[PDB]
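What follows is one structure encoded as structure tokens, with my remarks underneath.
Residue numbers (the authors' numbering), protein chains in the order written: chain M, 172 to 228; chain L, 172 to 228.
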């Protein structure tokens, strides 16, 4: 029991560390997605202006 | 000691599950960001083409 308890505690702590790293990774990805979304929506505004001018011309 | 074994195993399981969930979410968001990046490049091309066309017009 003692040996197995030791090993289980060790591996669980390992998993905890990996999970924290995953948290940080997810934060990075979320920020970058926000950036790309802003770029795309502004791009859409540009396309709207493009098409409107094209129609007029 | 056995009571301690119970607690150790259970906390290990909690950590492992959370790690799994965070990993999956990271995967999904990363893939979406990559796709939108490709689309941002695509619309860069589209705006260039639009500038050419509006000039000719």
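Virtual Cβ for every residue (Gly too), placed ideally from N, Cα, C.
Would you say residue i and residue j are within 8 Å of each other, going by their C-beta atoms?
i: residue 222 of chain M; j: residue 217 of chain L; result: no
i: residue 195 of chain M; j: residue 225 of chain L; result: no
i: residue 183 of chain M; j: residue 183 of chain L; result: yes
i: residue 204 of chain M; j: residue 228 of chain L; result: no
i: residue 185 of chain M; j: residue 193 of chain L; result: no
Output the distance between the C-alpha atoms of residue i and residue j, rounded to the nearest integer angstrom.
i: residue 189 of chain M; j: residue 197 of chain M; result: 12 Å
i: residue 187 of chain M; j: residue 178 of chain L; result: 15 Å
i: residue 174 of chain L; j: residue 180 of chain L; result: 10 Å
i: residue 201 of chain M; j: residue 172 of chain M; result: 43 Å
i: residue 214 of chain L; j: residue 176 of chain L; result: 58 Å
i: residue 207 of chain L; j: residue 220 of chain M; result: 21 Å
i: residue 199 of chain L; j: residue 199 of chain M; result: 13 Å
With residue i and residue j assumed to form a contact (beta carbons below 8 Å), what rounded beta-carbon distance in angstroms separates them?
i: residue 211 of chain M; j: residue 210 of chain L; result: 7 Å
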